[PDB]
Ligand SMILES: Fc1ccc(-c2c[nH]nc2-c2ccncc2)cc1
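Taking the form deposited without the ligand, here's one chain by itself in structure tokens.
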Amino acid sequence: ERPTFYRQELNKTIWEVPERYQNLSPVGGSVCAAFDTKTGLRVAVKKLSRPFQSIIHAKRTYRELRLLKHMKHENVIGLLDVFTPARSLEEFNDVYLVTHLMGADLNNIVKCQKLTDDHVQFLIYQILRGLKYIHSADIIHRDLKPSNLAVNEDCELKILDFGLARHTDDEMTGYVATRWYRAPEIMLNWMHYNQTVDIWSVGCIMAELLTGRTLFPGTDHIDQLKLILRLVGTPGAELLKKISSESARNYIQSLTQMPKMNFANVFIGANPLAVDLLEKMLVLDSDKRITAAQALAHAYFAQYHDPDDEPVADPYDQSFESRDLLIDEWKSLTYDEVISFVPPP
């Protein structure tokens, strides 16, 4: 049956939710913390803002719901519930997404406690386990950074935030964490990117866990490229060919050639195995970076690697991405997905 819903205003916005969700408290679409009386879980309830305002917004709402509906993995955000107060398609205008409530993110950790090498092993292991799963479905996160890695008191980690609105040019400008973890090829639009961009971000994140400092805190895209090439060396002829942008290729060739630095001297005191893994992640040529599946088998993770407990994902059909639909068609597809949702056990 349809649950009974109740309404409340929570600063400037109307929330209409099933009775099971109690004690809604704004924390961040808008997000409310709540108590799920049915499961006994503390939950986050996100009310999507203006979900079908334009074609681009209706498609993004569909995308985020598709992605969240698919993720069933211990180290990736999962959907506990999705609902609408609407009783039919004709009256459908609001989408609410429910997930486990997350206390802290990796920023809260890296910043407010010292991480042993064993903590770095555990945290990075879990990121790579979630990424093996995400990548096996041909999903690219594209925006891995400490603020979208939730971490509980047992150091257990989930990857959050996919299907999100693409960052504006302004949001990627200047001295900003929104860009510090991005692979160079996507930061500078060197070429068609793929899932290897996520591995670059893990390397940036792992080095920050080890040193307590951002690896590439560029003050703008160019300063950041310079920080990156200082560590990993300027590109060779082979990588230059793969840079399809004539302009970017030409700029990068204006730079004084530099060799790759010795990472043992950059990451002083680090476990030599961590150093080795960082060298295999932070390779400029994305073709040559270690994959998530490969990294799980790296000796740095000996204590955690269990090849029988590193699952892959069911197939994920994203043919919708290439489809051109009207707002109401994207909105009808989303409604189908709300209506057919089945909670996890």
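The first residue of the shown sequence is 1; numbering continues from there. By rigid core we mean the largest C-alpha set that fits within 1.5 Å across both forms.
Asker: Compare 12-20 with 323-331 and report which one shows the larger root mean square C-alpha deviation from this form in 9 other deposited structures of this protein once the rigid core is superposed.
Answerer: Larger mean C-alpha displacement, comparing 12-20 and 323-331 in 9 other deposited structures of this protein, is found in 12-20.
Asker: Would you say which of 303-311 and 39-47 moves more relative to the shown form in 9 other deposited structures of this protein, going by RMS C-alpha distance with the core superposed?
Answerer: Most displaced of the pair in 9 other deposited structures of this protein: 39-47.
Asker: Counting only other entries where the flanking residues are modelled, do a third or more lack residue 112?
Answerer: Looking at the other entries that model residues on either side of it, residue 112 is missing from at least a third.
Asker: One third of the other compared structures is the cut-off here: is residue 272 left unmodelled in that many or more?
Answerer: no, residue 272 modelled in all other entries.
Asker: So residue 315 and residue 316 are neighbours in the shown sequence, but is anything from the deposited sequence left out between them? Give the count as none, 1 to 3, 4 to 9, or 10 or more.
Answerer: The entry leaves nothing out here.
Asker: Look over 106-114 and 69-77 in the entry and identify the one with the greater average Cα temperature factor.
Answerer: 106-114 has the higher mean C-alpha B-factor.
Asker: Which is higher in the entry, the mean Cα B factor of 168-176 or that of 208-216?
Answerer: Higher mean C-alpha B-factor in the PDB entry: 168-176.
Asker: By the record's CA B-factor, is residue 143 among the lowest, middle or highest third of residues in the chain?
Answerer: Residue 143: CA B-factor falls in the middle third of its chain.
Asker: Test of reading the entry: by CA B factor among the chain's modelled residues, which third contains residue 162?
Answerer: Its C-alpha B-factor, which the entry lists for residue 162, ranks in the highest third among residues of this chain.
Asker: Give the position of residue 259 by CA B-factor within its chain, expressed as the lowest, middle or highest third.
Answerer: Residue 259: CA B-factor falls in the middle third of its chain.
Asker: Split into thirds by Cα B-factor across the chain's modelled residues, where does residue 9 land: lowest, middle or highest?
Answerer: As the PDB entry reports it, the C-alpha B-factor of residue 9 lands in the highest third of its chain.
Asker: Lowest, middle or highest third: which one holds residue 128 when the chain's residues are ordered by CA B-factor from the entry?
Answerer: Its C-alpha B-factor, which the entry lists for residue 128, ranks in the lowest third among residues of this chain.
FYI, the form deposited with the ligand bound isn't displayed, but the following is about it.
Asker: Take the ligand as it is posed in the deposited complex, superpose the C-alphas around its site onto the chain shown here, and state whether the site is open or blocked, counting it as blocked when 3 or more ligand atoms lie within 2.4 Å of a backbone or C-beta atom.
Answerer: After the site C-alphas are aligned, the pocket of the shown chain is blocked to the transferred ligand.
Asker: Would you point out which of 201-209, 231-239, 268-276, 87-95 contains residues with a non-hydrogen atom within 4.5 Å of the ligand in the deposited complex?
Answerer: Of the options, only 231-239 has residues within 4.5 Å of the partner.
Asker: Within 4.5 Å, heavy atoms only: does residue 282 come near the ligand in the deposited complex?
Answerer: Residue 282 lies outside the contact set for the ligand.
Asker: Give a yes or no for residue 218: in the deposited complex, does one of its heavy atoms lie within 4.5 Å of a heavy atom belonging to the ligand?
Answerer: Residue 218 lies outside the contact set for the ligand.
Asker: Even though the partner isn't displayed, in the deposited complex is residue 188 close enough to the ligand, meaning a heavy atom within 4.5 Å?
Answerer: Residue-level check for residue 188: yes, a contact with the ligand.
Asker: Consider residue 123 of the chain shown here, and say whether it contacts the ligand in the deposited complex, taking contact as heavy atoms within 4.5 Å.
Answerer: Residue 123: no contact with the ligand in the deposited complex.
Asker: State yes only if every one of 110, 127 and 214 has a non-hydrogen atom within 4.5 Å of the ligand in the deposited complex; otherwise state no.
Answerer: So, no: the whole triplet misses the ligand.
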